[PDB]
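Same chain, two versions here, written out as structure tokens and called structure 1 and structure 2.
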Structure 1
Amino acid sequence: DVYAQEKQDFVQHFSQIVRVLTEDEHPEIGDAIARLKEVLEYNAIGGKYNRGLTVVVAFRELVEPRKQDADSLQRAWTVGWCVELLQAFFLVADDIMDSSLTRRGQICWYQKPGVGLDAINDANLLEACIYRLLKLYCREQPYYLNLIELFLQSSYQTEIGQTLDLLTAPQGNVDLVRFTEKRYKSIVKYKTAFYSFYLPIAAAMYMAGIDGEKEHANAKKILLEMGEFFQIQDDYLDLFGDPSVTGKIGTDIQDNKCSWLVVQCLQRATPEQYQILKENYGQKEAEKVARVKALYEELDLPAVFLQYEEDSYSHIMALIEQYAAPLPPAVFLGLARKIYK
């Protein structure tokens, strides 16, 4: 199946990404260029690569095989890596802001001795590398401007979502009245759904000459719903996932987050259970985090999630029947395979 079978070529392209991004070689900036290399190697490697792979997979399925020459394929791999660099940028910053410990099975970049808040600048550089690659590989192409604007708009939407995530989770401050379903859905749409799901497909679409507003709108209808489910899954796994598989320690309860779990908890709790949540949520103490987990399990939240995943899967399939044409349904189906496993 198409992801595991594009992966190896995609991952190996990375050394080429790095080599080209390292050839501002103004010898004066050598030390900075060496730091950038270290940043890329630590922060763009070690995840599943699904976002960037979706660009490559979708490209193969949308573009005429006779138009898949060596050069247009290189361009597809680079644009895929651009989506991974955007993810790297976002995660480095998000880990600082969420006070996280590990990411992708290693200590977070900013927690590394000798890095600290220098990682703010490292994250901004990763972002800059996107537009540097687009220029180096794509500047002659009809879709150059489309891609630039797509990446910029995706970043803006994600930052708006991050803003809502952060505003809804003020540190050291109760009230659970904030944590509603309406609010939750807006957060994840902006913070997750656009850049994780719309962006990589849309990018492949523009690359294939599919630039019509109506087709992008239809694709977006499916892709934003997939993104909502994916963030709900990320929230569930924050508490109930195995860190050896997720690669990261969860912080949602201590960070006072509007998680899907807390929203579902609030919908189900007796007034007595509400008070337990209220006395215990949003705080660093292990014993307090453990009481919240216990309330979640008392309320059968893992069972609620398993049932939602099934409902969500069926709903997304219904949307693909409605909205996929005229693109190959396989494009969306491959994606859904990846997240609903």
Structure 2
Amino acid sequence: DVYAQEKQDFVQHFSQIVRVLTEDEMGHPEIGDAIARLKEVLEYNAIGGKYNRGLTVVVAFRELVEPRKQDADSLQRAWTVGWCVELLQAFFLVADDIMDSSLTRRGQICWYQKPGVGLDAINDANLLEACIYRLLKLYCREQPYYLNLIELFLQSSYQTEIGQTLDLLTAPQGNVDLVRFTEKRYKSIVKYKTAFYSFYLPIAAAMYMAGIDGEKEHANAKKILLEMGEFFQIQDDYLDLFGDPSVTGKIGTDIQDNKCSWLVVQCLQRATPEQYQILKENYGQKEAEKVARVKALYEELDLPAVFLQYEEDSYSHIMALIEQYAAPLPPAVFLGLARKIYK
């Protein structure tokens, strides 16, 4: 498995990334302390996840470039670009965790929750973002796709932030309103908040690294990748509730947290005025009594079967997209990822 293989050389490349990002401290000892803090931030925040978005950059680079044109240097840049994706994510997670008052991330305490950190994590989240562009400069400045990468990370930050704004408008911190939890609104939040950076960004960055810079190829890649993104989030919402917590490594939280899960959208789409009332009361409460009452309504409305039919239809449609829009890219670029996303 292309991913499992690559994981070692990718994670060992983090040591280099940090060394390089703490190198300006040598010529400027004045900022040494801030750099020392920068090291803590990266070491805590960029490490610990599965590195799936970062690894997509590498996997795609290897499938888009001739093994002859995959010299030591190209690879060093490929791992760096994957790391910039992880850095982009680490920045939205640090920030999101502050914004949603989260306690834990990847099982460990959120960076902002650490004693001594707090709201100083806001500046930390900005520093993780700064590193993206610092790395792009250090590794890619002489490459023709340099401006291309800069722009894509930028466009992706804005897409995500715009997505976050939409999500923050939909489910406010102290407001319960299932009215604005529509299918049309859900797909948008997922497109802007998740899909762009999670799916478009990693292949898109490898495409540019391979010299595939065409507006249309990118648009074809985007057509496919955004749809995969839509399925991924819908699956994440399903696995949050109905998913066995052993394999996933997560416990049900969407219901308590008033989140705009696909389940609630579907529940709202298919409900009698009386069925809507029960959810109105139970959804959003930190009481196992009410949390179990919501799962009982989803079950009654046969949503686990509305999802199974959706996963069946989605995989079908994604293959129909791959057939239609892969060319001239190798279908393996999208098939490798689809394999990971669907079961």
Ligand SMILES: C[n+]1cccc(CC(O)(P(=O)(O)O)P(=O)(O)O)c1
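Throughout, residue numbering runs from 1 along the sequence of structure 1. Between two forms, the rigid core is defined as the largest C-alpha subset superposing within 1.5 Å.
Asks: Determine, for this pair of isolated chain forms, which one is the form solved in complex with the ligand.
Replies: Number 1 is right.
Asks: Please look at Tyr236, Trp109, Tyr195, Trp77 and say which one has a C-alpha shift reaching 2 Å or more between the two structures, core superposed.
Replies: Per the superposition, the moving residue is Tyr236.
Asks: Superposing on the rigid core, I want to see if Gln273 changes position between the two structures - specifically a Cα shift of 2 Å or more.
Replies: It does, since the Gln273 C-alpha is displaced 2 Å or more between the two structures after the core fit.
Asks: Does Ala34 shift between the two structures by 2 angstroms or more at the C-alpha, the core having been superposed?
Replies: No; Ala34 is a residue whose C-alpha shifts by less than 2 Å between the two structures when the cores are overlaid.
Asks: Would you say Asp122 moves between the two structures, meaning its CA shifts by 2 Å or more once the core is fitted?
Replies: False for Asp122: its C-alpha shift is below 2 Å.
Asks: Can you read me the CA shift for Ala324 between the two structures, rigid core superposed, in Å?
Replies: Here the C-alpha difference is 1.2 Å.
Asks: Rigid core superposed, I'd like the Cα shift of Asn256 between the two structures in Å.
Replies: C-alpha shift for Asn256: 2.8 Å.
Asks: Quick one: CA shift at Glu285 between the two structures, core fit, Å?
Replies: Looking at the C-alpha of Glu285 between the two structures, the offset is 5.3 Å.
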